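Reviewing the structure listed below.
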Amino acid sequence: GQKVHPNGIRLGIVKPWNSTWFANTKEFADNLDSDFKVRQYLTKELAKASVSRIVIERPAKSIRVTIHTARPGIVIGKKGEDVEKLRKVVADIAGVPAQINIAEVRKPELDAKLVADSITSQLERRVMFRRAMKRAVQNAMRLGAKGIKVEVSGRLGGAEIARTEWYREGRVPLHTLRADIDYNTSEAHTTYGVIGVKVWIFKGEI
Amino acid sequence: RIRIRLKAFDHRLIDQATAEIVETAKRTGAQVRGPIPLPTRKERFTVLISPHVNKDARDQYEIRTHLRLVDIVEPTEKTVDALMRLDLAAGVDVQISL
Amino acid sequence: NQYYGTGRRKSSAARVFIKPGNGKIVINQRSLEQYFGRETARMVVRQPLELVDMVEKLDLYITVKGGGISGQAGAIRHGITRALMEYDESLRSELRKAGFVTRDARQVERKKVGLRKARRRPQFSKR
Amino acid sequence: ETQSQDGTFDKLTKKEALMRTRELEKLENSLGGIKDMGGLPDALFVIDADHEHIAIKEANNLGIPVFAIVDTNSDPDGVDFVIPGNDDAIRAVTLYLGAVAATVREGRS
Amino acid sequence: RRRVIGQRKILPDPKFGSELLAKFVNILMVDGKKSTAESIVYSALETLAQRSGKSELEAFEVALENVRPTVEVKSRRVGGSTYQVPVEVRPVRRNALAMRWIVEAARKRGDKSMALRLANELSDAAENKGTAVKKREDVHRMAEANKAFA
RNA sequence: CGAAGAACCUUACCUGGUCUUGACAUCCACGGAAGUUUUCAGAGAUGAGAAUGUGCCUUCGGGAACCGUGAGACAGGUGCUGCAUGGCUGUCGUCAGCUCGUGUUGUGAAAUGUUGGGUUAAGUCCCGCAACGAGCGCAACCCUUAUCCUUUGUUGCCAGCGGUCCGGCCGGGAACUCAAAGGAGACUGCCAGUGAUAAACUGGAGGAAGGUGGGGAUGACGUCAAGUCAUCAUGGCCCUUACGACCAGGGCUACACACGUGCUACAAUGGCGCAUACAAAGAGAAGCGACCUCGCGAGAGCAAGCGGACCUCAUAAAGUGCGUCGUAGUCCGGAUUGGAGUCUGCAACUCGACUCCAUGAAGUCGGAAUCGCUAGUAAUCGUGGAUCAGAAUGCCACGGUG
Numbered sequence: 001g002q003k004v005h006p007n008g009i010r011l012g013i014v015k016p017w018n019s020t021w022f023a024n025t026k027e028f029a030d031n032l033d034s035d036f037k038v039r040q041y042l043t044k045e046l047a048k049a050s051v052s053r054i055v056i057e058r059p060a061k062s063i064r065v066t067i068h069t070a071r072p073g074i075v076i077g078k079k080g081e082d083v084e085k086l087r088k089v090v091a092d093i094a095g096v097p098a099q100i101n102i103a104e105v106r107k108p109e110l111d112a113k114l115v116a117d118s119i120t121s122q123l124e125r126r127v128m129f130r131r132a133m134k135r136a137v138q139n140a141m142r143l144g145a146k147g148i149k150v151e152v153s154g155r156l157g158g159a160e161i162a163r164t165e166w167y168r169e170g171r172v173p174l175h176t177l178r179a180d181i182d183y184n185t186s187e188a189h190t191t192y193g194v195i196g197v198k199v200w201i202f203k204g205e206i
Numbered sequence: 005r006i007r008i009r010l011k012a013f014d015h016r017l018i019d020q021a022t023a024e025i026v027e028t029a030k031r032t033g034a035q036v037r038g039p040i041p042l043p044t045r046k047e048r049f050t051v052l053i054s055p056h057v058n059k060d061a062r063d064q065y066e067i068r069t070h071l072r073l074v075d076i077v078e079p080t081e082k083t084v085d086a087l088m089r090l091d092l093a094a095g096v097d098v099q100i101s102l
Numbered sequence: 003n004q005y006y007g008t009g010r011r012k013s014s015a016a017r018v019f020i021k022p023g024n025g026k027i028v029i030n031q032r033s034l035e036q037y038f039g040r041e042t043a044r045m046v047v048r049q050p051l052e053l054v055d056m057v058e059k060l061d062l063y064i065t066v067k068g069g070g071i072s073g074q075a076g077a078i079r080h081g082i083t084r085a086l087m088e089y090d091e092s093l094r095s096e097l098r099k100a101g102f103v104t105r106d107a108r109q110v111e112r113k114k115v116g117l118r119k120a121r122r123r124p125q126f127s128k129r
Numbered sequence: 117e118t119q120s121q122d123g124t125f126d127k128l129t130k131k132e133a134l135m136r137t138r139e140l141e142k143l144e145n146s147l148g149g150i151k152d153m154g155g156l157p158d159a160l161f162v163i164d165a166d167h168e169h170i171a172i173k174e175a176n177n178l179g180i181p182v183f184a185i186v187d188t189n190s191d192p193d194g195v196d197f198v199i200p201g202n203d204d205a206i207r208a209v210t211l212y213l214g215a216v217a218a219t220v221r222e223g224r225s
Numbered sequence: 002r003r004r005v006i007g008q009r010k011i012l013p014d015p016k017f018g019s020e021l022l023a024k025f026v027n028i029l030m031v032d033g034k035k036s037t038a039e040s041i042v043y044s045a046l047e048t049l050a051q052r053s054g055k056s057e058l059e060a061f062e063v064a065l066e067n068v069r070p071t072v073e074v075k076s077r078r079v080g081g082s083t084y085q086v087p088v089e090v091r092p093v094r095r096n097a098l099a100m101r102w103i104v105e106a107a108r109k110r111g112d113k114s115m116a117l118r119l120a121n122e123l124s125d126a127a128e129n130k131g132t133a134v135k136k137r138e139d140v141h142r143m144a145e146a147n148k149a150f151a
């Protein structure tokens, strides 16, 4: 290890918090807790929903929760299916009137999360890492953007000797706070080991 | 006595923004009765995750509006005129009403 | 009338008010000799004063409260020297020559993880 | 170039313009007289065949004919159109050089 | 290493105001308890009255005269072995150095108390006594006394 | 050093007693409310009995949470491999380095670029040059500290005016300190000299602040089969009426030596009495604890305030004034031990923190050799916090003097 989180390092500027709200030592303890339960669950029943981030606003006993996804319709439900379920599931989980507003992801090829959850899913589909890692991710360069650094952990392909891979385009100056980058992880528990992946998309400068 | 209010979206800012007053706005001139937390205004929301159908979806969000009072209990001039010298904070509503 | 001069150094807060006449000096309801007098070397406060013939010149009403002796004494010196400059904005060169017009930016230091005192690194006789 | 062209030159700190203007010095010099070439030429006429060594080299590698005015210490084996003349002489250069553009000028009638 | 700036301008004595006496109190100072240093030397410095009876001011400098060297050694990793090539000493350290010998040797005097154990040493300085004065020749016996290398 | 905190617990270790679908998960069979008070046998783990107990889905089969016990698939492993691994970390090193595309060069490994001349903290920059460009780096974005401005004025402030149960205590006042959100400012920008009339250097002006302002944060390509299967996760291998699991007590604080990192000394730049001035950053509902009362004291009783610029832990030490003791092992330095006591907690023998009284050692500055430190630095002086019922000279952090 020898790298600072390209996201948290910027959590101050050019990067909003995926959970903005106030709280005091009292409830704060169980507060961030519920947020985890709800957030962890919203993925379980919406994995293939192609969900990106998941913000969580909190005014007063009424969390908002915004499920950003490239596939909104599927996260919507049969004109009330999905929404109702989730919006209701947030019952005792937070013991408060929790809403839920979906956000459409523009260009699902420039968002880290997706580009990460995807490549990993392809790997689980018995596919050559190099191919997808390169091409199936190279797209982020065709819909725009200036630079995208990918990274696949070890154990790739039949081999006991874990190895990391490079492959990067444009420029990803993660040494610039005013740079703003879309970083996110993604695992892939396969027949053996847990081939990981890290997406570094440089979406413009300042 | 001039009363001051600070309502941010978290302590990450509402903290420094308030300590500033007690430190700067409160030296010897201003009296300052004390920094209070006050009840937080919790406003959560439920949004249907899936686009159309799947009522059983829904996602819950929320925006905690953290507030603070404090307020100076001494209308002087030498110290009650050293607060305007503070207008930073990219998000700390400061309703300086009397 | 009067001429104010902030002045400060090392977490200190000086407040000297120079009046025309009355070489009397008071710092927080105390004498420059009863608060500082007979200390390490609190002869710095009245240094800039005499530096240009004082006592039977003007007055010094200070109100400092920050930092220990050395510093609290350094702040005043800064405020005063700064103050006189008001009564006469054509004596800066003189005061600057000595080095009073400037403040002692040289503040304390912050401790650091791994170390034991911001700089004093832990020993390891065996390496 | 266009930067100074319009008001787009008064952009950024006065210092910046300077740091950017230097590029022109180099650029407009090392290329300023070739910018108008939207594709490899059809014939290359080089003065001394020695100094502009590399120049001629690339040429005979692309199929671009070369008309060079070699010299005694020159290596004419790289020139497909040798002109055994004083590679120097302030007058030699001018006369022939200008004489070249002469035929070229009305070359296209 | 390669750094090249200036000297640290020291604050003059708490009274006579003199850099020469300034760094003097510092070299004598201990545990940052500068206060004691003053109240320990500033006294013995004036206690000379009982030891003489006049404007005790130059006595200090005159006393250091018998403790001011002008030649020191300096081993050099050359010629396979280690040279010694002795060289004089600029004024900047002459006055300084001496002050050390005057104090760093006035402590082992073992008299009534550091306040006085120091005073006497000054009188012994100009009158040649104690290791303070010793160190001089005991050092000179190398430089100027072994110019064979100098 | 994992340990930001070993009396039980923790715990993983030892001894002994004891339990084998099992302390921890599900599935099944049949039963039984869960629950509370309970008696005895035992160190306890537990077992053998007395009650008290019946909530609801009621389609009166069945049930759900939970409990009993029977069988088994299993459950369980801080067990072995860190040369099976993921994740995470230290290190060369904040070092200036590490590469790629294309082009060109050699039969080729490979080179060139990236070398050379100046230059910078730097593969920073400027020329050059068979290379022209590009990426990871370095720089800059982030924080923080150094000036001023806009704004708001409680618990913060008090310049003026006024009233003083003299304390900004009370009107009052938004000036000032301060608080804290947002802004201006530093760029070799300007002056001069050097340099090829370039990069840059050297001084200089102006400023509160120069030549990446000070300090953080940020750690390239990879190396050490470096570290961690013991936080966690996990391939393989192992154990399973037991390297699983429960209790009690003991151990991790043992010694007959050594090595590293620390604290306090060896003293009058000091101790000791009295007196007394100055700061910062911080914690706090099984909490921090006032005032007051008792006690020599640790602390106890009673009981307010603050869940916080309002109150509390907290009423800094060095320091300065006076006086003393006068270079002896002392008026130094405190180890040790005895006497008796407090507070935590079932409980402090083993093995705790502290108080009082008495005891008052070694040590008179330390060979060979060795470490840190370039400025608010080293040096020294206190203050707070994580862990935590209660064992800090350790770690993290703050400010004084310098």
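Chains as they are written, first to last, in PDB author numbering: chain c, 1 to 206; chain j, 5 to 102; chain i, 3 to 129; chain 7, 117 to 225; chain g, 2 to 151. Here a beta-carbon is modelled for each residue, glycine too, at the ideal position from N, C-alpha and C.
C-alpha of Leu-17 (chain j) to C-alpha of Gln-119 (chain 7): approximately 43 Å in a straight line. In the DSSP annotation of this structure, the continuous segment of the beta strand (DSSP E) that includes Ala-103 (chain c) starts and ends at 101 to 104. Within the same chain, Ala-165, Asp-166 come within 6 Å of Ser-190 (chain 7) by CB-CB distance, once the 5 residues on both sides are set aside.
Contact annotation: in the segment 35 to 46 of chain g, residues whose CB is within less than 8 Å of a CB in chain i are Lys-35, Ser-36, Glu-39. For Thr-83 (chain i), no chain g residue has a C-beta closer than 7 Å to its own C-beta; the minimum C-beta separation is roughly 16 Å.
Using a CB distance cut-off of 8 Å, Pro-6 (chain c) does not count as an interface residue toward chain j. For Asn-121 (chain g), there are no CB contacts under 6 Å within the same chain when 5 residues up- and downstream are skipped. If you draw a straight line from the Cα of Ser-40 (chain g) to the Cα of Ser-53 (chain g), it comes to about 20 Å. For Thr-42 (chain i), the chain g residues whose Cβ falls inside 9 Å of its Cβ are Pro-15, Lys-35, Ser-36, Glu-39, in order along the chain. Note that the C-beta distance between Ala-120 (chain i) and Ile-78 (chain i) is not below 8 Å. An exposed status is given to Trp-17 (chain c), since fewer than 16 other beta-carbon atoms sit within 10 Å of its beta-carbon. A check of alpha carbon separations from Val-51 (chain c) across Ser-62 (chain c), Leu-114 (chain c), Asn-139 (chain c) identifies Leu-114 (chain c) as the nearest. Taking 8 Å as the cut-off, the Cβ atoms of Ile-195 (chain c) and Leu-123 (chain c) count as close. Separation of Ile-20 (chain i) and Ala-34 (chain j) (C-alpha to C-alpha, rounded to the nearest whole angstrom) is 25 Å. Against chain c, the CB of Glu-24 (chain j) has no partner CB under 8 Å away; the residue lies outside that interface. Taking 8 Å as the cut-off, the beta carbon of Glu-47 (chain g) is found no closer than this to the beta carbon of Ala-127 (chain g). Comparing alpha carbon positions, the residue from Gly-95 (chain j), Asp-97 (chain j), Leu-102 (chain j), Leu-90 (chain j) closest to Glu-27 (chain j) is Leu-90 (chain j). Among the CB atoms of chain c, none fall inside 8 Å of the CB of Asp-97 (chain j).
Residues of chain c whose Cβ lies closer than 9 Å to the Cβ of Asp-14 (chain j) are, in chain order, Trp-17, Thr-20, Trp-21, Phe-22, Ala-23. Comparing C-alpha distances from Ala-94 (chain j) to each of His-70 (chain j), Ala-12 (chain j), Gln-64 (chain j), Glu-66 (chain j) shows the shortest one belongs to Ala-12 (chain j). Here the alpha carbons of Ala-188 (chain c) and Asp-182 (chain c) stand approximately 20 Å from one another. For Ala-116 (chain g), the uninterrupted alpha helix (DSSP H) run begins and ends at 115 to 127, by DSSP. The alpha-carbon of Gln-4 (chain i) is positioned some 10 Å away from that of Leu-60 (chain i). Cα atoms of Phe-150 (chain g) and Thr-71 (chain g): separation of roughly 17 Å, rounded to the nearest angstrom.
The secondary-structure analysis by DSSP pairs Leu-160 (chain 7) across a beta bridge with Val-182 (chain 7). With a beta-carbon spacing of about 6 Å, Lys-203 (chain c) and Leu-110 (chain c) fall inside the 8 Å limit used to define contacts. Within the segment 45 to 87 of chain g, complete alpha helix (DSSP H) segments of at least 4 residues are found at 49 to 52, 59 to 66, given in chain order. Beta-carbon to beta-carbon, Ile-163 (chain 7) and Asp-203 (chain 7) are separated by about 7 Å, close enough to satisfy the 8 Å threshold. Look at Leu-90 (chain j) here: in three-state DSSP terms it is coil, with no helix or strand label. By DSSP's assignment, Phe-19 (chain i) forms a beta bridge with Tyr-6 (chain i), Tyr-63 (chain i). Along the length of the segment 71 to 128 of chain i, whole alpha helix (DSSP H) runs at least 4 residues long occupy 71 to 89, 94 to 100, reported in chain order. Residue environment: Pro-124 (chain i) is assigned as exposed (fewer than 16 neighbouring CB atoms within 10 Å of its CB, all protein chains considered). Here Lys-24 (chain g) carries a helix assignment [DSSP, helix/strand/coil].
In this structure, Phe-22 (chain c) places its C-beta atom within 8 Å of the C-beta atom of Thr-44 (chain j). Around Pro-108 (chain c), no beta-carbon contact reaches into chain j at under 9 Å, the shortest distance being about 14 Å.
For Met-45 (chain i), a Cβ of chain g is located within less than 8 Å of the residue's own Cβ.
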